[PDB]
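J.: Residue numbers (the numbering used here), protein chains in the order written: chain A, 904 to 1290; chain B, 16 to 68; chain C, 15 to 89; chain D, 1003 to 1394.
#1: Quick check: the Cα distance between residue 1183 of chain A and residue 1177 of chain A, rounded to an integer number of angstroms?
#2: Three-state secondary structure (DSSP) at residue 913 of chain A?
#3: What span of residues does the alpha helix (DSSP H) with residue 1084 of chain A cover, start to end?
#4: Could you list which residues in chain A have their beta carbon closer than 8 Å to that of residue 39 of chain B, in chain order?
#5: Would you say residue 927 of chain A faces chain C, with C-beta separation under 8 Å as the test?
#6: DSSP beta-bridge partners for residue 936 of chain A?
#7: For residue 1258 of chain D and residue 1068 of chain D, I'd like the C-alpha separation in whole angstroms.
#8: By DSSP, does residue 1117 of chain A sit in helix, in strand, or in coil?
#9: Mind the definition here: the region 1167-1182 of chain D touches the region 1191-1205 of chain D only if three or more C-beta pairs lie below 8 Å; say whether that holds.
#10: By DSSP, does residue 1328 of chain D sit in helix, in strand, or in coil?
#11: How is residue 1368 of chain D classed by DSSP in three states: helix, strand or coil?
#12: Checking the sheet assignment: what are the DSSP bridge partners for residue 1058 of chain A?
#13: Comparing alpha-carbon positions, which option in A/1099, A/1153 and A/1061 lies nearest residue 1049 of chain A?
#14: Thinking residue 1033 of chain A and residue 1003 of chain A are a contact (beta carbons under 8 Å), I'd like their distance in whole angstroms, please.
#15: Please compile the residues from chain C whose C-beta is within a distance smaller than 8 Å of the C-beta of residue 1269 of chain A.
#16: Who does residue 1167 of chain A pair with in a DSSP beta bridge?
#17: Decide yes or no for the touch test of the region 1022-1029 of chain D against the region 1343-1353 of chain D: beta carbon pairs closer than 8 Å, at least 3 of them.
#18: Measure the alpha-carbon distance for residue 1158 of chain D versus residue 1112 of chain D and round it to whole angstroms.
#19: For a contact defined as C-beta to C-beta under 9 Å, what are the partners of residue 1104 of chain A on chain D?
#20: Could you tell me whether the region 1229-1243 of chain D touches the region 1274-1293 of chain D, using the rule of 3 or more Cβ pairs below 8 Å?
#21: Who are the neighbours of residue 56 of chain C on chain D, taking C-beta pairs under 8 Å?
#22: Since residue 1110 of chain A and residue 962 of chain A should fall inside the 8 Å C-beta cutoff, what is the C-beta to C-beta distance between them, to a whole number of angstroms?
#23: Please list the partners that residue 1267 of chain A has in chain C, where partner means a Cβ-to-Cβ separation under 7 Å.
#24: On the DSSP letters alone, give me the boundaries of the alpha helix (DSSP H) that residue 1094 of chain D sits inside.
#25: So, helix, strand or coil for residue 1098 of chain A, using DSSP?
#26: Can you find a CB in chain A that lies within less than 8 Å of the CB of residue 1226 of chain D?
#27: Closer than 7 Å between beta carbons: that is the criterion. Which residues of the region 49-67 of chain B meet it against chain D?
#28: Quick check: the region 986-999 of chain A against the region 1108-1127 of chain D, are there 3 or more CB pairs under 8 Å?
#29: In chain C, what lies closer than 7 Å to residue 1150 of chain D by C-beta?
#30: Tell whether a beta-carbon distance below 8 Å holds between residue 1031 of chain A and residue 1278 of chain A.
#31: In three-state terms, what does DSSP make of residue 1018 of chain A?
#32: Could you work out which residues of chain D lie near residue 923 of chain A, taking near to mean beta carbons separated by less than 7 Å?
#33: I need the straight-line Cα distance from residue 44 of chain C to residue 1124 of chain A, nearest angstrom please.
#34: Of the choices D/1272, D/1071 and D/1060, whose alpha-carbon is the least far from that of residue 1114 of chain A?
#35: In whole angstroms, what is the alpha-carbon distance linking residue 1365 of chain D and residue 1018 of chain D?
#36: Contact between the region 1276-1290 of chain A and the region 914-930 of chain A: three or more CB pairs below 8 Å?
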C-alpha cells in the first residue's frame, strides 16, 4: 500500500465525522452545527450540550449543512480549524485530505468554495472529494441502488458500473429531523410543552428525543391495512368463543419530569409511517413524496434495456443511514418489491457503522493507487482561476 | 557515559518526517510522511530517592 | 481499419474503467476482511486474559491455602 | 523474553510510575516513582540541553505532561531517556554481567493517555527505536490497562486526576474515541473545602482530605467533631466539613457519564458498559468516594419507576403490583468487580490499578512468541507508522 496517511472528514447535514485513514473508527463525531454565544464566539463539539443546558440568552444554534447535504456557511465551516486543532491535532498543511452528496450536476460552485477553503485558507496539500452514495457502495459493489435515510430525508441514488446516474438521483424531504419534530409535537401535551429558540429545540433533539427514537418501529406493511386486518381478525377471536398486536404498550421514562410515557404499539408505528405516506400529516403532500413511490428513481434510471437496469439495481439494493436503523429494512423492501413484482430484490446493509457509513466509505483513502481518485492540487485551482 | 550505556544494551535504519512527492512523472503535490533515510541521511538520576519507603 | 482502431481504443477505455472499478472492489474487499481480522484478534486477546486471570486466581488460592494451613496449626 | 527485562513506564502529570522486571510469583505495586519533570538549559546558539538538576541554576524547569496531555514532546522524550539510562546504570553496576543478561533485550511497555496525538505517538516510537535503541515496544492505552486488570469486554473508565477527570467507554475491548472526554478533579475538593473553612490554609485543607476522618457518606459518621493531625504534627478538630467537598465533583462526573453512555448506539453493549463502571485515580482512595459516585449515577440515570407513580399503583391495587418495564437499556448500574487475588495490590488499594493492567499485558505479550501486539525492529525497519499495524 501507499506511504501516506489521510485526514478523512465527512460533513453530514446533522453529524460531522473526522479521523485518520490509518484506524478503523473516527476520532470524533461532532454536530454539524454550533452555538454562537455572545464580542462573538463559536462553540463546537457534542459535550461542549453543556452550553445548551446553561440556558443562556444570546446563545443560538446555527447549521453548516443545508438539506442538499451541502455546506452553505463557509466562514463557519472553516469547524475544520476546531477539528484539526483539538481532535486530530495536526497542521492541516501536512496530510492529504479526503472529504464527501449525489447531485443532478448543477451545484457541483461547490468545488470552488472547497478550493478556497482547502487552499486559500487552510493550506491543505491536496484533497479528494468522494461522492457519498458511491463510496458507501464501493466500501464491494460497483453498481447499486443506494437508499440513504438520514436526518435531512431519504436520498435515493442509482449507481451503475461505478458511475452515478445524476438524473435519477432523488432526495426525499422526510427523515430523521422530521421524526424529531413529530415525536415532539405528539408527546407535547404529556411533557407540558404544548430559529431564535434554537438552543432548546436542539438540546431536546440531542437528548430525550434521540433516545425516544432509538427505543419507534416501522410496521412491515401499510399500517392502515395492518389495522383493518388486526381488527377483522380480533372480531373473530372475540365472536368465535362467545389478541390484537397493536395494543401492546411501550414505556419510556421521561427524565426532565421523572415521568413515564406510555405508547401503544400502533402509536409507535405511526411516526415512521409518515416517511412512507406523508399525505397523512398534511393535505399538501402527495403520496408520491413518500419513500415508496420515490420507484420513480429506478424508472428514471431505466431512461439511462429498462427491464435490465431495473434488474441490476434491484439485485444490489443498499440500505444505509442512521434512521435506517429503526426497527422494521423490511418495509423499504416490501415497498420496493410491490412496485416491481417481476424482479427479485436482494438488499445489503451493514448490520452493525451505518450511522457513520458515509465516513467509513470515504475511509476505504486506503485505495492502493493515487490514480484511483481525482486529487485536486493547488495547481487545479490556479488553472481554474484563469479567465 | 549514558550514551555508551544505551549503545551497549539491547544487542538498523532511521526515518525522518518530511515532504514527499509521489509519482505516476511526479504528481504536482506534496505531503508529509515518514520516509526512510539513505545511507547518508547528559546525566543520571539515583533511584532509591524515588524508591518508596 | 479506422473503425476497428476506434472500437479497440473504446474497448481499452472500457478495460481501464473496468479494471479501475474492479481494483477498487478488491481493495474494498481486502479492507473489510482486515477490519474483521483486527476485531477478532482483539476479542481473542481479551478472552484469553480472562483465562489468564482465572489461573492467577487459582494459583493465589493454592498459595494462600498452604499459608493458612500451616499458620492455623502452628505457633 | 527475559522477565527480568520487562520495563513498564506509566507517565502522568505529576509523577511517573516505573518498574523493571516482573516478579513471577505475584505482581508487586510499582516501587519507583519519579517526578515528571526535566531541566532544560539553553546554550547560546539556540540549542537545548537536558539535566536531572538545575545545573548551576542555569536550566529551566520543564513539566512535559500537563492535565495528562504532552505539552512538550522533546522534554518528554528526554525524560524517558533519563529514566531509561538511570535504570541501565543502576543494573549495570549491581551485576556487571548485566549487558549479556538483564540488559541484553529490554522490551518496553509505555502506558499512554487518550489525549496524545498520533504525531506524538509516532515521535515517541521513533525515539524508542532510534535514540534509546530499544527493539520492542508496546504502547498500551491507559483505559485498556484498566480493563485488563479481570479483562472486561465492555466497561467505562472514570479516571479522576488532580485537575481533570477522563471518561472513557470501552466496547468490545476497544476504546471508543469519539465518546471519550475529560472534564476540567481532586483539587475541586480542596476548593470546595476552602469555601467551607475560610480560616484554614492550603496545607491544613490538604491534610484533612488525606486523613482517616475524611469520608463521603451515602464510628466516625456518629461524632459531631473529630480530630486529625497536621503535616507538622499540629492537632486539628473539625465538624461536619469532613463529610463535605466531594459533591460538586461527583455530580459533574455523573452528568458527563450519562451523556457519554447515552451515545453508545448498540443498546446491548450499553447495558454491559453501565454494569462495569471502573473508577481509578488518587482521589478515589478517599473513603466512601467510589460508592458515593455510584450512588449518584444511580440517582441520576437509573431506569426505574418514578416513586409517586408507583405509590399510586399500589393504592389502586388496594381494592400485588407488576413491575413496569421500560425500553431504556440501562436499568442496572454497577461498579465492576475488582480481582481479590493480587495480595500486594489489595494491601495498597487500587487507585493505581492501571499499572497492574500493564503488568498483566506485558507478561502475556512478552512471554509468548506471537509479536502481533508490539512493534519489533523488523517492523520498524514501516518506521513509526509500524505503530498502527499493532494497535489493539
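Cβ atoms here follow ideal geometry from the backbone N, Cα and C, with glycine treated the same way.
T.: In brief:
#1: For this step, residue 1183 of chain A is matched to residue 280 along the first chain. For this step, residue 1177 of chain A is matched to residue 274 along the first chain. Rounded to whole angstroms, residue 1183 of chain A to residue 1177 of chain A spans 6 Å at the Cα level.
#2: Counting from one through the first chain, the residue named residue 913 of chain A turns up at place 10. In the displayed model, residue 913 of chain A falls within a strand according to three-state DSSP.
#3: Taking the first residue of the first chain as position 1, residue 1084 of chain A is located at position 181. 1079-1090 is the span of the alpha helix (DSSP H), which, as asked, contains residue 1084 of chain A.
#4: As a first step, residue 39 of chain B must be located in the second chain, where it is residue number 24. Residues of chain A passing the Cβ test: 1273 and 1274.
#5: Taking the first residue of the first chain as 1, we reach residue 927 of chain A at position 24. Contact with chain C is found for residue 927 of chain A, since one of that chain's Cβ atoms lies less than 8 Å from the residue's Cβ.
#6: Residue mapping note: residue 936 of chain A aligns to position 33 of the first chain, counting from 1. Answer is A/966.
#7: The residue given as residue 1258 of chain D occupies position 256 in the fourth chain. The residue given as residue 1068 of chain D occupies position 66 in the fourth chain. The straight-line gap from Cα to Cα measures roughly 21 Å.
#8: What you label residue 1117 of chain A is simply residue 214 of the first chain in a count that begins at 1. Assigned with DSSP and collapsed to three states, residue 1117 of chain A falls in helix.
#9: Remark: fewer than three beta-carbon pairs, one from each stretch, lie closer than 8 Å, so the region 1167-1182 of chain D and the region 1191-1205 of chain D are not flagged as touching.
#10: On the fourth chain, position 326 is the one that residue 1328 of chain D refers to. In this structure, residue 1328 of chain D counts as coil in the three-state DSSP scheme.
#11: One-based indexing of the fourth chain puts residue 1368 of chain D at position 366. Residue state, collapsed to three classes: helix.
#12: Here residue 1058 of chain A refers to the residue found at position 155 of the first chain. The partner list for residue 1058 of chain A (beta bridge, DSSP) reads A/1051 and A/1074.
#13: For the purposes of this step, residue 1049 of chain A is taken as the residue at position 146 of the first chain. Comparing Cα-Cα distances from residue 1049 of chain A to each of A/1099, A/1153 and A/1061, the minimum goes to A/1061.
#14: Reading the first chain from its first residue, position 130 is the one you call residue 1033 of chain A. Reading the first chain from its first residue, position 100 is the one you call residue 1003 of chain A. About 6 Å separates the CB atoms of residue 1033 of chain A and residue 1003 of chain A; that is less than 8 Å, so the two are in contact.
#15: In the first chain, counting from the first residue as 1, residue 1269 of chain A sits at position 366. Against chain C, a Cβ distance below 8 Å from residue 1269 of chain A picks out 41 and 45.
#16: Stepping through the first chain from its first residue, residue 1167 of chain A is reached at position 264. A/1152.
#17: Yes: the two stretches touch, three or more of their Cβ pairs being nearer than 8 Å.
#18: Against the fourth chain, residue 1158 of chain D aligns to sequence position 156. Against the fourth chain, residue 1112 of chain D aligns to sequence position 110. Taking the straight line joining both Cα atoms gives about 21 Å.
#19: Sequence index remark: in the first chain, residue 1104 of chain A carries index 201 (1-based). Going along chain D, no residue has its Cβ under 9 Å from residue 1104 of chain A, so there is no contact; the nearest lies around 18 Å.
#20: The region 1229-1243 of chain D makes no contact with the region 1274-1293 of chain D, as fewer than three CB pairs between them are under 8 Å.
#21: Counting from 1 along the third chain, the entry for residue 56 of chain C is found at position 42. Within chain D, the residues placing a beta-carbon under 8 Å from that of residue 56 of chain C are 1174, 1175, 1176 and 1394, ordered along the chain.
#22: Taking the first chain and counting its residues from 1, the one referred to as residue 1110 of chain A is at position 207. Taking the first chain and counting its residues from 1, the one referred to as residue 962 of chain A is at position 59. About 16 Å separates the two Cβ atoms, so there is no contact after all.
#23: Numbered from 1 along the first chain, position 364 holds the residue referred to as residue 1267 of chain A. Going along chain C in sequence order, the residues near residue 1267 of chain A (Cβ under 7 Å) are 42 and 45.
#24: Taking the first residue of the fourth chain as 1, we reach residue 1094 of chain D at position 92. Taken as a continuous stretch (DSSP letters only), the alpha helix (DSSP H) holding residue 1094 of chain D covers 1075-1097.
#25: Position 195 of the first chain holds residue 1098 of chain A. Reduced to three states, the DSSP call for residue 1098 of chain A is coil.
#26: Residue 1226 of chain D sits at position 224 when you count from the first residue of the fourth chain. At a cut-off of 8 Å, the C-beta of residue 1226 of chain D has no neighbouring C-beta in chain A.
#27: Listed in chain order, the positions of the region 49-67 of chain B with a beta carbon within less than 7 Å of a beta carbon of chain D are 49, 51, 57, 58, 59, 60, 62, 65, 66 and 67.
#28: Short answer: they touch.
#29: Taking the first residue of the fourth chain as position 1, residue 1150 of chain D is located at position 148. Going along chain C in sequence order, the residues near residue 1150 of chain D (Cβ under 7 Å) are 63.
#30: As a working mapping, residue 1031 of chain A is identified with position 128 in the first chain. As a working mapping, residue 1278 of chain A is identified with position 375 in the first chain. It is a contact, given that the beta carbons lie within the stated cut-off.
#31: Stepping through the first chain from its first residue, residue 1018 of chain A is reached at position 115. It is helical.
#32: Mapped onto the first chain, residue 923 of chain A falls at position 20. Going along chain D in sequence order, the residues near residue 923 of chain A (Cβ under 7 Å) are 1120.
#33: As a position in the third chain, residue 44 of chain C is number 30, starting the count at 1. As a position in the first chain, residue 1124 of chain A is number 221, starting the count at 1. Approximately 38 Å, taken between the alpha carbons.
#34: Here residue 1114 of chain A corresponds to residue number 211 of the first chain, with the count starting at 1. Selected option, being the one with the closest Cα: D/1272.
#35: Counting from one through the fourth chain, the residue named residue 1365 of chain D turns up at place 363. Counting from one through the fourth chain, the residue named residue 1018 of chain D turns up at place 16. Each residue's alpha carbon lies about 20 Å from the other.
#36: Result no; under three Cβ-Cβ pairs closer than 8 Å.
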